[PDB]
């Protein structure tokens, strides 16, 4: 029995949702995503691994007066797209970049209903921006920046303590990508990694350092 889905308030209009999967090392590993409340509507930033937890997360907010306006998945792995099938099935708009949908399709997974490309994309005009620093953890990974609170959701592109699974990683490009991220969001007040506790802009530096170390230690 895996731990129960958790939903904790991180900042005004921002919640961190946490779900868990069983791996082959850390046994049970926590996966953090967010929920951004704009007006009386909620935007899911990454989905839980399963339909069960995505449903629990959706209903938690629906029962509090919030309509689910949509979800955005930061990379193709289930940790971020596990709930797209369920959300699609409820006609809740789901978003992913073209690269992500291509990896999903290729992996025989259901794709986001709405796609996008380019370095940056505003999911919600001046409130939720999606940024692509380039390949790192996976070919498609993106981050989501909330300008108002200065919060950066890094998903698993932010690896401040070690890079983890390199299976779909691009070790030679990760450094460049992390440099661009660090220059782009040095102003973040909070950086939310997928598997670790929340931190400040230092996580961008630390991620860069691990990426560099990883490239060096590869050749």
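Positions refer to the first chain, counted from 1.
Looking at mean Cα B-factors across 47 to 55 and 180 to 188, the upper value is held by 180 to 188. Stretch comparison (119 to 127 versus 144 to 152) by mean CA B-factor in the PDB entry places 119 to 127 on top. In this PDB entry, residue 102 carries a Cα temperature factor that places it within the middle third of its chain's modelled residues. Placement of the Cα temperature factor of residue 19 within the chain: lowest third of the modelled residues, per the deposited record. When the modelled residues of the chain are ordered by C-alpha B-factor, residue 35 sits in the lowest third. Residue 70 sits in the middle third of its chain by CA B factor, as recorded in the PDB entry. Remark: residue 26 belongs to the highest third of its chain, ranked by C-alpha B-factor as recorded.
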